[PDB]
Amino acid sequence: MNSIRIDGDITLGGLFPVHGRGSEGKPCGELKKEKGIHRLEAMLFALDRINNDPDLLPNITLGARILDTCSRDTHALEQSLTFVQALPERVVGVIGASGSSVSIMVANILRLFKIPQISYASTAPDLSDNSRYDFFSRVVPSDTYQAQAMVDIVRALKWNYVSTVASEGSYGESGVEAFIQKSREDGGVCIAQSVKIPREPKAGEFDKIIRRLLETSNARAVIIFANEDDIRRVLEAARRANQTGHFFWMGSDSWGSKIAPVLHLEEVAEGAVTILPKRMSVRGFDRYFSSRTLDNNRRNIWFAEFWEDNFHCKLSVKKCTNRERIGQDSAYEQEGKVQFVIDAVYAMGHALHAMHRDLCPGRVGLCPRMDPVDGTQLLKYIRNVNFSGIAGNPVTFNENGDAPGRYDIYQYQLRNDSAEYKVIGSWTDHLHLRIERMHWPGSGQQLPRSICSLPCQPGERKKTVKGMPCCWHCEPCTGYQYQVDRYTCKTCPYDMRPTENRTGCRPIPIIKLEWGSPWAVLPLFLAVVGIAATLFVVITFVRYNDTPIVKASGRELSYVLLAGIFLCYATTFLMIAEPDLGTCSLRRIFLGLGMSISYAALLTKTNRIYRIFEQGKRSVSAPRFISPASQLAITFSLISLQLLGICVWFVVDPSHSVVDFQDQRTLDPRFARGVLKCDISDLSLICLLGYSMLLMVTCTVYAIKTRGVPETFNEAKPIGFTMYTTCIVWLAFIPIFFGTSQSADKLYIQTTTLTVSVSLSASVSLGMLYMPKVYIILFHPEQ
Amino acid sequence: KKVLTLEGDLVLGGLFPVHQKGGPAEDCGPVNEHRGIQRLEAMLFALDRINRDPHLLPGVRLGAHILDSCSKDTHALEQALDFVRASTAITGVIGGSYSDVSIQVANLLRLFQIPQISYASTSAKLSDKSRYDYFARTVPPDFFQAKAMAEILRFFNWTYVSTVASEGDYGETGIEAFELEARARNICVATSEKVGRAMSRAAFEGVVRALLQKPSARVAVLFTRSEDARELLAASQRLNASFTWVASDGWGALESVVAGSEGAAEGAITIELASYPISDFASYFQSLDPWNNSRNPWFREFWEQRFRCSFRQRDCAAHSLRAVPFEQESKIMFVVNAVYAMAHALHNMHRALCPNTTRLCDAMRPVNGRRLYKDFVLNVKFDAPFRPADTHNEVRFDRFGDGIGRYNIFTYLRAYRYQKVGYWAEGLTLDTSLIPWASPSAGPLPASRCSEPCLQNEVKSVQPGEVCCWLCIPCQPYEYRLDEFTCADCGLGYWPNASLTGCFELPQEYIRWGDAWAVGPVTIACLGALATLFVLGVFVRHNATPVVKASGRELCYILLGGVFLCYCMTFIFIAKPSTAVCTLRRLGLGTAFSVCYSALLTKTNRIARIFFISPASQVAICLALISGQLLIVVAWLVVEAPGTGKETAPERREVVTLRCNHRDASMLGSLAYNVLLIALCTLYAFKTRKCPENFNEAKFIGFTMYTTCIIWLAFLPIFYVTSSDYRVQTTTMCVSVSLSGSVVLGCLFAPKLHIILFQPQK
Ligand SMILES: N[C@@]1(C(=O)O)CO[C@H]2[C@H](C(=O)O)[C@H]21
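Quick mapping for you: the protein sequence lines, in order, are chains A and D. Taking the authors' numbering, I'd label the letters of the first sequence as residues 40 to 126, 147 to 375, 385 to 851. Taking the authors' numbering, I'd label the letters of the second sequence as residues 23 to 109, 134 to 461, 466 to 661, 673 to 823.
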C-alpha cells in the first residue's frame, strides 16, 4: 500500500528516498523533502509532460509505479521486487534508485530480468562496469570526468611537475587514479609525487604532507581529491609551514566553491582552482511545484508528510491551517538534481518512443511485441538516445551508461580581501578558460608554473630523467663537440674547432715557416752566406781553371764537388718555403742529392788516394781508375744509383702540398693550430741517408788510415775531418729529428734541422777542403 | 503449472530438469527421466533419510519446495522467485539443474544473497566470488575435463583435432580451457563449432558436414552442447559419417544418444564425474507406485511417457519401475550430496543462532547466504550418503565451493553398451585393452595428427595444413637454424655451429704450415750446396784440375745462384699466408728461369767465350740475367699487391684457405713472349761443343740441357690445376722443386762428387 500508482499502458518504475533511514528496526525516518519528495515530484512532473507531449508515445499513457527507498538497501530492494512480482502493472523500465549505495541493488535486481535502469543521482564508477551492471545507465556524469578536466587544466596552465594529494576512500582514490592514468594518457604532465590523506590522519600528518610535497619543492601545484576538512587541514599545514604563496591548489567538487574549507586560510587558498558540477534549475518545475497544496497533489501519498515537515505544522508543533503555500509560508528552492530526474524520465520516454516507431510503427497503444516490450531492446534504445535535455544540454550515454562531463571552473580569489570564488570558465568535455583573469598570490596576474627543470643554453644538453619524460638533467657539452640535438652534441673530426656556442664547428688556423721567425731566419741566412762563401771559393777555381794549383787538386773531382756544394745551397732555403710544386719537386731529393754527390765525390777522391793500399787485398796492379775521365766515371757511378732511388721514391711519394692539423693538435681545438708543409714522409730519410751515410762510413774507413799514407796525400786530412764532422752532424740529427718526435715542436725542429744540415755538409766541405787552399790559389795560382 | 511443496520445520527448496526443453511455445517438453526425475526423486528420499537420521537435526521435519526448470532459463528464473517472494522465505536452493539455469539463478538470487548449492552446474564461471559470493558446488570445475580431454588426445598422439561446444557458459569456459590445455600439449585444434540452445535438425547435420571437411581429424570433441543426452542424438548420424567422439559429462553411459544414431561409433569416449550407485536410492525410485506417489506431481505423467497405460485409463500401473530394467543416473551421488550439504550448513546455522530450541525463528530464516556460505557451507564435513568404504566421496567444499576433480572414462562398445576403460584424477590412466583402438585388428589406429614432430635440424615447411600442421625440411650441411621456420646461412669461411645458432669461421687446412713442410725441401736443396762445398773444400787435393779454384768455383756459384733463387722463393710458401709470403712466392711461375736457365745461359756465354773472360765476368753475367729475370716479374707489383689471403670451395666450406691469385696470366705478361728464345738458345748451346774440356764436360752440359728441360717442364702438367689442392700441391711442389734442381746439378756435379767420394786418389 505505501507507493504511488499512476495508471497507464506502459508502466514506468521509479524510486526516491522519500524518507531517510528510521532506527531501532524501523526502515523509514524523516521525510527527505528535497532529495526525496522534491525529486519524486519532478519525476511525476516530467511524467505528466511526457503523457501531454505530442511527440512521445502518442495517445499511449506512461503510467508509473513509484517507490520509497528510505535510504536503505534492504528496504529499497524488497519493494523493488514488486515490479517483477507484477511479471498487475507492466513495469517496463525504471528510473532512479537515487544515490549509488541503493542504485547498486536496483541495478542488481533489474538486470536479472533484462529490465533497464536510468539513475538521476548515482555517480560512482563502480556502476560503469558492464560485466556486473550491463542494464545500468545514468544521466549524470561519473566522478572520473573531473579527472579529465583536471588533466586538461594542468596542461592549460602549462604545468608538468605536479603532486597529487587525496583522501583514502573511493572518492579520493577514484579521482586520483583517473587523474594519473588520464594524465599519463594525454601526456605533457608528469607527477612529482602521489600522497594520501588517511581516513584517520594523525596529528601533524598534514605538516608531514607538506614536508613531503616540499621534497619535490618545485612541484608547486597540488591536486586535491579530499573532503572539506582534509582540504582545510592541508591549507592549515601550509599556513603553519609558511608555504603561503608557494603552493597552489587545484581540486574537486568536494571543495567546490564553498568558503567553508578556506576560512581563516583565505591567503593560503587564494589562487586555488576548483571543479564544480554544472547545473541549472528547472523553472517549469518550480512554477508547478510551488503551486501544489494538499488538494493539488493527492496522488502523492507522502505529500501530507511533506506538508507537516515543510511548514512545521500538524495535519491531525502548531495545528496546520491547510492553507500554507511553499515558497511563501516556508522557504523553497529547487534541488539541482531535479534537472536529472527530469532528464532520466525523458531519456526513458525517448527510448520507449524508439521501440514504438520500430516495433509498433505509427499505432496507438501496444502491439503484440510490446506485450513483453523486451527490456533487452529498451536497453539499447536508452543508450542510443540523443536529445536536448531539460537544461537544453544534450542527453547521451556512453557505452557504460555514463553521461558526458559538465562542470564549471572557478578560482578562489581575494577581492579587496573578500573570500570569493570566481568563474574562470567552464568545461564541457573541453576547456574554455579565461586564464588571463586568474590570480596567484605569488604572482598576481602572472602564471606561475609547476615544472620539472629549466631549459639548457645552446651547447648544453637536456638529458631525460629516467621515468619522467617532462624532466631533464642539464649537462653542458665539452671537448671538441658541437650540438646535434637538444640532449645530444658530437665531435668534429678535426681540423675544425667548435664555435663559441658549441652548436657548430669552424676551421683551425694554419702556420707556414715565415722568414721572420727563428726557424726560418737561421737557414735563410745560412743559405745566403752559403752561396756567397761558395762563390768566393768557386770563383778562384774557375778563373784559375788551368793553373798548377787547381790541376793538382784533382780539378775534375773538385769541379763536381764544388758544383754540388753550390747547387745544394742555391735551393736550400726553398725546402721550408710555402709548399708548392716548385719545392715538392725538390723535397729532400735535390738537396739530399747534392749532399750525396759531395760525399760520393769525396769518396772518389778518397779512393784515388787510398785505393793503392786497399786494392792490395784483391790485386797488386796500379790503382784502377786513374785517368781523370775514369775518376769521373766513378764519381758518376756512385751517384747515378741515388738518382734511380730518387726516381722510384718520387713515384712512391707524390709531389704535393699538405695541411696536417696533427702537428699542432690540441684536446681543446680553440687552442689548436695546424701546419702547412710539403707532404713528405720520414721514409725519404732512408732513401737518402741509407746510402750517403755509407759513403761516409767508407770514407772514414779510409781516413783513419792516414797515419800510414805519404805526405803528397795530405789533402786527405780535411776530407777525413769533413766526413767525421758531417758524421757528427748526422749523428746529432737523429736525436733531433726522431728524438723529438714526442713533441709538437717537431713541426719546425725537423724542417729546420734538415735545411740546416744541407748547409752544414756543404759548408764544412768548403771550410776544411777548399778554403785553406783558396787563399793561396787566389794570390799564388802556381802553388 | 505444477510445483512440488512440503511442510517443514525448515524449508530447503530445490529445482530440477524434471521436464526437458519444449518447443518454441511457452511450455515444457517431455520428462527427462535420468537427469530429471531420478535426481528429483533422490532428493525426496534424501530428505526422508535426513528427517529419519537420529543425528542430523533430529528435532525437525525438513521440507522442500521443488521447481521444474523445464530447461528454459526464463522459466527457471520466474519459478525461482518463490524463494524470495516472502521478502515463503526459503533457506537455500539445492540443485538448480544444469549450468545456465544454475547461473541465471545464482545470478537471480544475488539480490538477497540467497544460498545455493548445485549438483550439476560445472562451469568455472561461478568460481569468481566477486559476482557469486554465496554459491557453492558439489562438482569440480569444468576445466578439469578440458585437461582430461587434452591428456587423452595427447595419449593417442592425437596432435590435431576438431570440437563442438554450445552457446551458454558450458561451451565458452569448456572450450577456452580445452584450447589452452591443447596448446600446452602441442595439440593443433583443426576447428571448433558453436551450437545454440535451439538448433534445428538440418543444422545438426550441418555441424557434422563441417566436421567431415578434414576426415584426417578422426576425433570430434563434444562439450555438452545444450544437453548432449538429448541433442547429440541429432548429430551422431549414420548418413555416411563417423568419428571418435570425446564428450564432456553432458554425455556419460547414456543410451539416449546412440539408439538409432549409429554415428556414435564404437570407441567414442565419454567423461563423467566419478560416482557410485546407491541401492537405497535406486530401491526407493524403482519401488514407486504411480497411484501412491502423490508427492511427486509429475510421476504419473512420467509413467505415461515410460509406460503406455496412462493413469487416466483402466488397469494401469500393474507394472513397476523395478519390474523393468533401469539405470541410476550418474550424478545422483552429487545430488544427494547437495541435499545433505545444504542441510548441514543450516544445522550449524540453527545451532549457532538457537542451540536450546527445535527450530529457527521467522526472523532467523532470512539466513544471509554469504554468512551461511563462508562460515557454514564451506566448513561442512560429512561422508557422502551410503558411500562404500572404497571411495572418498564427501560433501566437503573447496575454497571456491568446488567439488572433487575425479572422472570416469567410458568407451562406447557394441554388445551396444558402455564400459569403464579408465579414469582421470589430475592424470590419465587407461586400460586400453578394452578400447577398440588397442592392438588394431581392422586396419590402422585412428588418425588425428597433422605432421611429424620436427627434428632440431629441420624447418617448418610444406604444411600449414588446416593450422599448426608443419612438416619440417632439413637445413643443408652449410646452413644453420635461427628460426625453426627457416634455415640461416653465412659467407664462405663460415659454417654451422653444432648448436645451429651461428657460424664458425673455419680453420685453415693447415697441414705442415705451422710445422712448415718448407724446411725439409729447403734443407735438401741446401745439401746440393754442401755436398758441393765439401768437395770444393778438398777438390784440388783429390781430383787436381786446378781451374776449379776459378772456373769450377764460379760455375758452381752460377748454378747455386739459381738454385737459391728458386727454392728461396717457392718456399716463401703457404705457411702464415698474406704477409712476407704472398708478394714473392709465385710471381707467374718464373723459377725454372732461376735454375735451369740461369745456369744454362751463363755457363753458355762463359764457354762461348772460352772455347771478356774472368771470375768477375762469370759473376757479373749471371747477376745481370738474374736482375733482368727478377726485376720484370717483381715489377708487376707496380700494378699489383699481396692479397686473396681467404677463399674456400663453396662446395666444401670444410676449411678456409688463403690462396693469392693476383691477375696471374697478366703477371705472366712480364715474360710471356721471350723465354722461347731462351729455349732456342739452349738448343743451340746444346749444339756448340767444339772444345770439350777435361772429363769432356761439354758432353755433360749437353746431357744436362736435354734432361733438365724435361724435368722441369714435367711439373706444369701437374701444377696447372692440382696446385689448387693441398696434399698434391704441397707434395708435388716440394719434390718438384727439389728434384728438378737436383737434375740440373746431378747432371754436371755427379762426376766430381763421385770421383772424389769413392776414389779420392783419382
Ligand atoms: N545447456 C542447457 C542444459 O541442459 O544445461 C541449458 O540450456 C538448455 C541449454 C542449451 O541448449 O542452450 C541446455
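C-beta atoms are modelled at their ideal positions from N, C-alpha and C, and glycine is treated no differently.
Burial check for residue 502 of chain A: the Cβ neighbour count within 10 Å stays below 16, so the residue is exposed. Distances between the C-beta of residue 243 of chain D and the heavy atoms of ligand 1 include at least one below 6 Å. DSSP places residue 316 of chain D in the uninterrupted beta strand (DSSP E) bounded by 315–319. Not flagged as an interface residue toward chain A: residue 801 of chain D, since no C-beta distance is shorter than 7 Å. Of the candidates A:426, A:456, A:352 and A:506, A:352 places its Cα closest to the Cα of residue 391 of chain A. For the options D:356, D:706 and D:175, the alpha carbon positioned closest to that of residue 447 of chain D is the one of D:175. No heavy atom of ligand 1 is found nearer than 6 Å to the CB of residue 91 of chain D. Along the segment 150–179 of chain A, the positions whose C-beta sits under 8 Å from a C-beta of chain D are 164, 167, 168, 171 and 172, read in chain order. Straight across, the Cα-Cα distance linking residue 586 of chain D with residue 816 of chain D is about 13 Å. Neighbourhood of residue 106 of chain D in chain A, by CB distance below 8 Å: 120, in chain order. Bridge pairing for residue 456 of chain A: A:462 [DSSP]. In its chain, beyond the 5 residues on either side, 808 have a beta carbon closer than 8 Å to the beta carbon of residue 764 of chain D.
Proximity of chain A to residue 103 of chain D at the Cβ level (cut-off 9 Å) is accounted for by 120, 123 and 124, in chain order. Distance from the Cα of residue 386 of chain D is smallest, within the candidate group D:162, D:571, D:282 and D:529, for D:162.
Going by beta carbons, residue 459 of chain D and residue 318 of chain D fall outside the 7 Å limit.
If you look at residue 528 of chain A, you'll find it in the beta strand (DSSP E) that goes 528–533.
At the C-beta level, residue 545 of chain D and residue 537 of chain D stay beyond 7 Å of one another. For residue 214 of chain D, the CB falls within less than 6 Å of some heavy atom of ligand 1.
A contact between stretches requires three or more CB pairs, one per stretch, nearer than 8 Å, and the segment 205–225 of chain A meets this requirement with the segment 247–261 of chain A. Contact annotation for residue 191 of chain A against chain D: 177 [CB-CB distance below 7 Å, chain order]. In this structure, residue 221 of chain A lies near residue 280 of chain A, with their beta-carbon atoms less than 7 Å apart. Excluding the 5 residues flanking it on each side, residue 175 of chain A has same chain C-beta neighbours closer than 6 Å at 152, 194, 443, 446, 447 and 450, in chain order. Residue 828 of chain A has its alpha-carbon roughly 14 Å from the corresponding atom of residue 600 of chain A. In terms of Cβ geometry, residue 154 of chain A and residue 168 of chain A do not form a close pair [threshold 7 Å]. In this structure, residue 564 of chain D and residue 707 of chain D do not form a Cβ contact; the two beta carbons are roughly 18 Å apart against a cut-off of 8 Å.
Contacts with chain A (Cβ-Cβ distance below 7 Å) from the segment 151–174 of chain D involve 153, 154, 156 and 157, listed in chain order. In terms of Cβ geometry, residue 236 of chain D and residue 516 of chain D form a close pair [threshold 7 Å]. Per the C-alpha coordinates, the member of D:301, D:345 and D:471 positioned closest to residue 24 of chain D is D:345. Remark: the C-beta of residue 239 of chain D is outside contact range of ligand 1, defined as less than 6 Å to any heavy atom. In the three-state scheme derived from DSSP, where H, G and I count as helix and E and B as strand, residue 839 of chain A is classed as helix.
Bounds of the beta strand (DSSP E) holding residue 727 of chain A are 725–728.
In this structure, residue 625 of chain A places its C-beta atom within 7 Å of the C-beta atom of residue 673 of chain A. Of all residues in the segment 106–117 of chain A, only 116 and 117 place a beta-carbon less than 8 Å from a beta-carbon of chain D. Ranked by Cα distance from residue 109 of chain D, the options D:819, D:608 and D:411 are led by D:411.
Relative to the non-hydrogen atoms of ligand 1, the Cβ of residue 273 of chain D comes within a distance shorter than 6 Å of at least one. For residue 109 of chain D, the nearest beta carbon of chain A is closer than 7 Å to its own beta carbon.
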